[PDB]
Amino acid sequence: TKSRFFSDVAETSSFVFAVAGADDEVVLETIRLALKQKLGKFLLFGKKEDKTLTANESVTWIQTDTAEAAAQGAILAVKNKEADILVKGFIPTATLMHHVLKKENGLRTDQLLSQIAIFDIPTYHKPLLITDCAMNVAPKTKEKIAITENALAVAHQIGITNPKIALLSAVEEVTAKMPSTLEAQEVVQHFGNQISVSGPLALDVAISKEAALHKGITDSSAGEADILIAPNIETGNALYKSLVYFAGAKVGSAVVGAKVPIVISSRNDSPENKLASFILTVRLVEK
């Protein structure tokens, strides 16, 4: 038997999702699913109301004929404590973040923003957090620190014990030929022994006891990573997708580091994984 982050017991909740661009089924489907299980309530900023959806007592529609004003309103709702979670609707991520990063809008803090995802992978025995798979493109040491910090906050917020973090690379030898290894090393040195952080580690070493041993790695944090820190966006994303498409993984994803959790789902995500993202952000709301 394994540990699962997403159980068959529906998290319920009264938190408010502000949806920036509540249009198109790719956006609405997830909202329906949430309502079905009462995951929370919704503030919808959109062009064309779905009056079959907005009849729900937990739904309120805010007409916005502009993607600009759609992001703008959803952002302000959160700023004013009217919504707990920011959700990107049918608009570009660039448009949402342009407003999210606007300091006067008060969502930004000192932290780098980063995407993070939590996976239930049937061939793993516990939940796996992977970051950053969708936002930070080529983070260097400083950014990787912040990304790891955000991962830590997330682990703590959602009840992952004392997480084992693995800075991912292609090898565990630190070499000038492969900067990801060097940056991995310097991230590890930032934290020292404050947390269980290690790397550079290839993936096998990070999540397989057998592989570690075969590579002469003898501790008990190897093969048990709770959090992987991608070396670059392409690695994080490939990994994310292989888990979903080949490993049969269930995954919830969010952008963290702002005053509220942000959902930024992609067009390809299954309704189930997009719901899972809602659930994750609900689990991330600390009052």
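Residue numbers here begin at 1 and follow the sequence given.
Across the two stretches, 103-111 and 199-207, the PDB entry reports the greater mean Cα temperature factor for 103-111. Checked against the record, the higher mean CA B factor of 187-195 and 162-170 lies with 187-195. When the C-alpha B factors of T30, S253, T54, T235 are read from the deposited coordinates, the top value falls at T54. Between the residues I75, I130, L182, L152, the entry's highest C-alpha temperature factor is the one at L182. Sort the chain's modelled residues by C-alpha temperature factor and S265 lands in the lowest third, per the entry. Sort the modelled residues of the chain by CA B factor and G46 lands in the highest third. Annotation for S14: CA B-factor lies in the middle third of the chain's modelled residues.
Remark: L243 belongs to the lowest third of its chain, ranked by C-alpha B-factor as recorded.
Compared with the other modelled residues of the chain, the Cα B-factor recorded for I145 ranks in the middle third.
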